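*Asks:* This structure is in structure tokens; I'll ask about it shortly.
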Amino acid sequence: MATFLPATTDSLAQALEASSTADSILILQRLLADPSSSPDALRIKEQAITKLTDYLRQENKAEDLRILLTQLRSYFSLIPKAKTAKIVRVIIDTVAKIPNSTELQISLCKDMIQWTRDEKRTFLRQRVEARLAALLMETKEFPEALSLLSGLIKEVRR
């Protein structure tokens with residue numbers, strides 16, 4: 001059967017109208033697999049990504065969010081850099097809505113810092129670095145947080 005759902009407004013409407021969150025997530029994931037690179041397809045994919053992130057926030061599946069971010073690496077290459085930075089910052093903020101899992105949060109923050117450095121998203125990178133410094137303070141990893149804060153203060157003061 002069809003492994004990809006065409007990136008059309010009808011597909012997004014069907015995904016929204018699904019009575020089950022899991023079915024909506026599956027439909028959105030299938031839509032993301034569409035190889036179409038048209039600008040309308042890209043816009044629909046961005047909307048689907050936002051909706052899927054919201055649904056995963058409702059489902060509290062942070063590991064699924066990490067998998068989604070790993071998958072979206074290929075998709076990010078077809079988008080304006082500012083748009084990619086915005087999308088990833090939104091995903092990171094959505095993940096932050098869920099707390100605990102200190103080590104998983106630290107790993108996710110470091111991965112996002114690397115991604116933002118790749119995407120040249122300065123403000124989002126700085127905010128995520130501040131959050132990572134706070135988490136390091138929580139885990140008592142004082143020297144790493146100190147170095148991060150020393151660098152970040154110099155970067156931000158300009």
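The way I read the labels, and the way they are meant: chains A, B, ... in the order of the structure tokens, residue 1 as the first residue of every chain, and ligand 1 as the first ligand shown, with later ones counted on from there.
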Select from region 99-146 of chain A every residue with an atom at most 8 Å from any atom of region 84-94 of chain A, then for each give the shortest pair of atoms and their distance in Å to one decimal, using only C-alpha atoms, rows by chain and rising number, as CSV.

*Replies:*
```
residue,atom,partner,partner_atom,distance
A:109,CA,A:92,CA,7.9
A:112,CA,A:92,CA,7.4
A:116,CA,A:85,CA,6.4
A:119,CA,A:85,CA,6.1
A:120,CA,A:85,CA,7.5
A:121,CA,A:85,CA,5.4
A:124,CA,A:89,CA,5.9
```

*Asks:* Produce a file of the selected residues containing C-alpha atoms, as a PDB file, in the first residue's frame.

*Replies:*
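So out_6.pdb came out as:
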```pdb
ATOM      1  CA  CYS A 109      19.970  20.036  25.122  1.00  0.00           C
ATOM      2  CA  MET A 112      19.938  20.820  20.129  1.00  0.00           C
ATOM      3  CA  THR A 116      21.427  25.160  16.254  1.00  0.00           C
ATOM      4  CA  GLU A 119      21.532  25.966  11.677  1.00  0.00           C
ATOM      5  CA  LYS A 120      23.178  29.244  12.801  1.00  0.00           C
ATOM      6  CA  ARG A 121      20.290  30.063  15.155  1.00  0.00           C
ATOM      7  CA  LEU A 124      17.712  29.864  20.259  1.00  0.00           C
TER       8      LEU A 124
END
```

*Asks:* Could you name the residues that touch residue 31 (chain A) at 9 Å or less, counting only C-alpha atoms, but leaving out those on the same chain fewer than 5 positions away, as a list in words?

*Replies:* residues 4, 5, 6, 7, 8, 11, 12, 26, 44, 45 and 48 of chain A

*Asks:* Write down as a PyMOL selection string the residues belonging to region 74-116 of chain A that are assigned alpha helix (DSSP H) by DSSP computed on the backbone.

*Replies:* chain A and resi 74-76+81-96+102-116

*Asks:* With distances taken over only C-alpha atoms, which residue among A:157, A:97, A:57, A:125 lies nearest residue 111 (chain A)?

*Replies:*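 The shortest atom-to-atom distance to residue 111 (chain A) comes from A:125.
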
*Asks:* Residues near residue 65 (chain A), anyone? I mean within 8 Å using only C-alpha atoms, not counting same-chain ones fewer than 6 positions away, as a short mmCIF file (atom, residue, chain, number, x, y, z; two decimals) with C-alpha atoms, in the first residue's frame.

*Replies:*
```cif
data_model
loop_
_atom_site.label_atom_id
_atom_site.label_comp_id
_atom_site.auth_asym_id
_atom_site.auth_seq_id
_atom_site.Cartn_x
_atom_site.Cartn_y
_atom_site.Cartn_z
CA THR A 53 4.85 18.08 18.17
CA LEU A 56 3.44 14.30 21.31
CA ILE A 91 10.43 21.52 19.39
CA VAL A 95 10.14 19.12 25.11
#
```

*Asks:* Which one is closest to residue 66 (chain A): A:135, A:105, A:32, A:151? Count only C-alpha atoms.

*Replies:*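 Smallest distance to residue 66 (chain A) is found for A:105.
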